[PDB]
Structure formats: C-alpha cells, structure tokens
Amino acid sequence: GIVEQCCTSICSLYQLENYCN
Amino acid sequence: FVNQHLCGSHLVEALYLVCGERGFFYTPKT
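As recorded in the PDB, the entry bears the title "Spitrobot-2 advances time-resolvedcryo-trapping crystallography to under 25 ms: Human insulin, pH 4.5 (5 s soaking)".

Draft legend 1. Fine view of the overall build of chain B. When its secondary structure is counted, chain B shows one helix and zero strands. When burial is assessed residue by residue, chain B has 27% of its 30 residues classed as buried. Carbon and sulfur atoms make up 58% of the accessible area of chain B, which amounts to about 2,300 Å² in all.

Draft legend 2. Representation of the state of the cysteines. The full count for this structure, using the stated rule, is three disulfides over all chains. Sulfur-sulfur distance for the disulfide between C20 of chain A and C19 of chain B comes to 2.0 Å. Sign of the S-S torsion, about -80° for the bond between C20 of chain A and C19 of chain B, identifies this disulfide as left-handed. Here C19 of chain B lies in helix 1 (residues 9-19) and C20 of chain A lies in the segment after helix 2 (13-17), a pairing that spans two chains. On the basis of relative accessibility, which here comes to 3%, the residue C19 of chain B falls in the buried class.

Here is what the cut-offs are and how they apply
Residues numbered from 1 in each chain as written, not as in the entry; some residues may be left out. Chains lettered and ligands numbered in written order. Heavy atoms only, no water. Helix = DSSP H or I, 4+ residues; strand = E, 2+ residues; numbered from the N terminus. Buried < 20%, exposed > 50% of the residue type's maximum accessible area, 1.4 Å probe, protein only. Areas by Shrake-Rupley, 256 points an atom, 1.4 Å probe, with all protein chains shown as cover. Disulfide = S-S within 2.5 Å.

Printed below as a string of structure tokens:
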C-alpha cells in the first residue's frame, strides 16, 4: 500500500495519484 | 515535494495537495 510505496521507498506522483478518489 | 520518502503527516499533506478536490484515502495498514 501507500506506506510501502511512498514512505519506505521513494514516493512518486504516479503512485500518490493511485490514492486520489 | 513528492519525490522523497513521505511518512505520516508529511504523506497526508502531499496527498491533500496533489489530489485537491478529488480527495483521497489514506490506508497505512494494508
């Protein structure tokens, strides 16, 4: 989930937008 | 901004700014 992609590893816009409604 | 390790409130705030009026969901335990 988001912690693995954005906190434990380097976040990206592509990934962040996966969590927008 | 986005291209870094973002945790906790820092991650929530990035979601807020990027997602804007779409809103977002924050699910840390998946």
